[PDB]
Number of protein chains: 4
Amino acid sequence: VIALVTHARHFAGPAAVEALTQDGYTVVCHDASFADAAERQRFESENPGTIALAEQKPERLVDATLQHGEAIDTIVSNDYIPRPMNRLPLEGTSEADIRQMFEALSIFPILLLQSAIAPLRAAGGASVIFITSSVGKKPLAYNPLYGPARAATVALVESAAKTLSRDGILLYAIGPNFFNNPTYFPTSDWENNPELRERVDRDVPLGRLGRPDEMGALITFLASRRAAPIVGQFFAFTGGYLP
Amino acid sequence: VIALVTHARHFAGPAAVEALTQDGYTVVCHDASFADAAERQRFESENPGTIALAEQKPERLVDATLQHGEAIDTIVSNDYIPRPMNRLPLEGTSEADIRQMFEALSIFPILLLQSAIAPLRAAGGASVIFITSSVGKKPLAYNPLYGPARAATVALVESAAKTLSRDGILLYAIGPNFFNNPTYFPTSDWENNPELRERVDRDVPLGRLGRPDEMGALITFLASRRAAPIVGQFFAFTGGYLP
Amino acid sequence: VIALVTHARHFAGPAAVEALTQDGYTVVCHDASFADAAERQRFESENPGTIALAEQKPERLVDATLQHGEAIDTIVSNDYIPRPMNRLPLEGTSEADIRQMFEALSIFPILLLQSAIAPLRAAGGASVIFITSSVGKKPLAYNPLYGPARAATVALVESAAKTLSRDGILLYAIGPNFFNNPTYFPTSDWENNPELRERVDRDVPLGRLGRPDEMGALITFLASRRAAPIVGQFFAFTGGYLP
Amino acid sequence: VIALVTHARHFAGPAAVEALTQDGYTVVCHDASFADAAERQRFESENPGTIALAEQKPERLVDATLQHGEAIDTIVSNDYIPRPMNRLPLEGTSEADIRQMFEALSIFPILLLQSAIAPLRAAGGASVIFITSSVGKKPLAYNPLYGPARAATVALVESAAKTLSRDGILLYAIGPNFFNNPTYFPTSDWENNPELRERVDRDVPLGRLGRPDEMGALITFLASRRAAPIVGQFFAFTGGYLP
């Protein structure tokens with residue numbers, strides 16, 4: 001049983017890879033660094049139960065994946081943009097950086113999903129879980145471009161799920177914030193930045209960063225299809241910060 | 001491990017009991033019919049793994065439950081209002097029916113939660129899952145009173161969770177619609193009422209009623225606390241009808 | 001033209017009275033202190049163009065108002081709970097206080113509304129504006145009971161509108177926060193509570209309390225019915241605190 | 001006093017121009033057809049109070065506008081995509097159409113707003129009103145690409161408002177549906193399609209299309225800043241179809 005995880009080495013990738021693999025999935029992984037055959041050898045060696053794709057184009061990941069199996073049971077569209085770009089203000093930010101925000105967080109996932117419809121349907125169903133952000137639903141002052149791009153994809157989940165659910169393709173969006181991940185809240189920031197500790201104690205009801213195994217637990221639960229009726233919505237993964 | 005499920009013979013009750021019980025929990029159940037000793041014995045015989053309470057007051061359920069264990073891991077506040085009162089319109093509806101709508105769907109839950117804080121926190125934490133309704137978030141023309149009351153309890157979850165999450169008491173709200181359940185969408189209805197089939201074919205992307213085992217999956221997932229960071233929010237259980 | 005403003009001396013009452021009267025309305029006023037004749041007389045003297053009602057029952061205010069006019073063009077359902085009950089927590093709060101929150105903020109406006117349908121319909125329409133609060137939409141940790149109750153009335157507006165709009169009865173909800181008003185954010189608190197001033201600086205984009213005349217204009221705007229298509233929704237009045 | 005209205009011959013452009021010029025504004029207009037001198041002249045002659053811009057680039061409209069006045073009081077970023085493109089499905093749509101949907105609906109308005117900040121600020125403030133769509137907040141099965149695009153711009157307003165409001169730059173988003181306009185619900189459509197008549201009967205509480213003057217009403221109201229505390233919110237304009 002195979003799953004596809006994108007941007008495997010960033011954001012929610014590690015948490016996704018680990019959970020699925022522990023659940024018995026063979027995890028086909030995509031990552032920009034995989035354009036380097038050495039990095040693929042490294043990744044698969046350090047990550048038993050995985051296959052590192054060389055494919056870099058969003059519309060071609062599904063076909064590259066299918067070379068390793070009859071069907072794709074689950075896709076985790078693990079889209080991101082590197083810190084500190086997530087905090088790009090409006091004033092002063094280049095047109096090229098704005099275009100890039102939409103390319104990485106909006107267009108890439110649309111092309112990936114568009115390409116995955118025919119195969120996933122022919123297979124009888126699958127689950128497509130988009131990792132977005134709390135801002136794809138609720139606005140933050142320092143995220144004036146990152147929000148709109150993340151928002152575009154949560155809408156994509158909500159609208160497309162209206163037709164794809166009838167084909168057994170279950171779409172979901174997860175909206176993290178205050179999530180211990182290498183991109184936005186690495187362990188070292190928490191360990192070395194009291195300011196982040198004070199913000200969490202102040203704004204996160206749970207009182208702590210969310211763990212990657214919890215992220216993975218949610219990933220695996222949705223991948224199970226056991227609660228199919230919650231299809232088509234955005235799930236806050238923020239420790240009570242949202243709503 | 002004990003869980004408490006209220007109005008056990010209605011709404012999400014059967015699904016809740018079956019799943020928790022199936023997952024190893026000893027499920028202490030509440031229900032108005034249990035004031036009768038014979039009904040309590042019959043229920044326990046028909047549902048191995050359960051203890052039926054005689055107690056009927058919302059504020060006394062937690063203490064009655066603790067006579068059966070040291071602590072409560074999960075509470076399913078399965079609140080409902082007998083059909084067809086869910087569809088009571090504003091015009092011509094008596095004051096009494098208006099207050100019963102709030103008593104059964106808003107006041108009762110607050111009174112249960114309220115009485116539950118001290119004991120749950122002293123035990124180190126737990127989950128409290130309110131079974132509400134999709135109208136607790138998105139209005140329906142035929143639910144102008146049933147919505148206001150369901151909306152009150154979803155609000156209760158969102159606010160109370162900002163503070164209780166810190167004591168390890170995790171609050172959630174599940175909002176069903178088109179969920180095969182004895183109170184609002186019994187099997188007899190799906191089997192004999194063309195109209196329901198038409199509505200589902202027209203407005204539920206999933207194209208069918210949600211199954212009890214799917215509501216049981218969701219309840220038991222949340223019960224595990226494996227995905228704690230999604231605490232304090234409302235989950236639609238409508239097969240895509242919502243958002 | 002005649003308008004009905006409830007709890008005229010509190011919350012958004014003064015804003016509404018001043019603005020509807022500046023607009024030419026003969027504003028019929030309800031208030032708990034009007035059971036006292038001398039208060040009714042001091043209020044009409046201080047507020048020209050106002051008629052003070054002795055009536056205290058939600059279901060009777062409309063017929064009482066009709067004694068001064070052939071029709072009600074606008075109803076401003078200014079519901080509130082006496083300060084500081086708005087901040088009552090979940091734990092340790094008495095059942096009586098919980099009942100009173102729902103009585104003031106949810107039952108009373110429903111009884112009023114219900115009583116207004118037939119006559120506002122026979123008149124061929126009107127506007128009904130419920131002043132609720134930001135927690136009618138988004139949770140605040142310190143409003144776990146006042147929140148749920150406002151959430152009920154906001155849902156009442158959204159549901160009831162689906163049918164009433166057809167009769168020309170246009171419902172709306174305004175949910176203020178940090179709105180300069182005699183009750184929750186009085187000029188007295190702003191001048192003597194540096195913490196409030198700091199919290200507004202930090203959390204409110206407009207950087208200040210909304211003025212009473214700003215409220216009045218939103219209300220005078222809605223009453224004019226010149227933009228009827230925005231019927232049935234909640235309007236945040238927080239200077240950007242929401243969403 | 002000047003107002004800038006984009007894509008003035010489409011969507012909400014006509015309503016805006018008529019309303020703002022009637023309200024005393026010199027309305028500077030942008031439109032793809034104004035690349036042609038003849039169209040600008042015919043447009044100027046038939047719309048007293050308007051100035052047609054030859055400028056076609058989003059980030060240059062503000063400077064072009066400023067050749068006609070000292071400041072810009074209001075900007076109406078009326079973005080649209082021609083019908084039937086709004087209805088493009090996810091499957092089979094070209095990458096070019098996908099990209100064009102975002103360019104017209106999200107990237108053009110971002111470039112605009114971005115360019116307006118410095119001057120709008122130095123002038124002490126202004127209002128910026130974005131016409132988006134109901135799918136900017138709620139999904140429709142037939143708008144899986146138009147929706148995302150629109151949602152990014154509602155997200156832009158809500159996030160950007162958090163910082164711009166302090167500068168007196170007030171952002172709003174209006175989301176129509178069932179609004180009589182030349183692009184999505186033209187009068188000839190209404191008069192000639194009994195099917196649209198019946199849907200509206202069925203799904204619009206108000207029972208009819210919103211009128212061009214009601215769009216102008218709302219726009220004129222926002223533009224006066226009389227109710228500045230409602231800044232940074234999305235306003236449904238659907239006759240009650242939403243929420």
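Computed from heavy atoms alone, side chains included, the values below leave out hydrogens, waters and symmetry copies. Per chain, numbering begins at 1; letters A, B, ... match sequence-line order.
At a 4.5 Å heavy-atom cutoff, the contact between D:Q114 and chain A is made by side-chain atoms alone. For A:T93, the parts lying under 4.5 angstrom from a heavy atom of chain D are both the backbone and the side chain. Both the backbone and the side chain of A:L156 come within less than 4.5 Å of a heavy atom of chain D. For chain D, no part of A:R150 is nearby; none of its heavy atoms comes within less than 4.5 Å. If you measure heavy-atom distances from A:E103 to chain D, the contacts under 4.5 Å come from the side chain alone.
Listed by first then second residue, pairs satisfying ring pair (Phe, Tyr, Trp, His ring centres under 6.0 Å) with a partner in residues 55-95 of chain D read D:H7-D:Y80, D:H10-D:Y80, not counting sequence neighbours.
You'll find the side chain of D:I129 stays beyond 4.5 Å of the side chain of D:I75, heavy atoms only.
Chosen from A:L111, A:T163, A:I117, the residue pairing most often with chain D at heavy-atom distances under 4.5 Å is A:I117. Interface summary for chain D: among A:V157, A:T153, A:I110, the most heavy-atom pairs under 4.5 angstrom belong to A:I110. For chain A, the option among D:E59, D:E95, D:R121 with the highest count of heavy-atom pairs below 4.5 Å is D:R121.
Judged by the 6.0 Å distance and 45° axis criteria, D:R87 is positioned over the aromatic ring of D:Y142.
Under the 3.5 Å distance criterion, the side-chain polar atoms of D:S159 are left unmatched by any main-chain donor or acceptor of D:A155.
When all heavy atoms of A:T238 and A:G175 are compared, the closest pair comes out as CG2-O, 3.4 Å.
The residues D:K57 and D:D63 are annotated as not salt-bridged, no charged nitrogen and carboxylate oxygen being separated by less than 4.0 angstrom.
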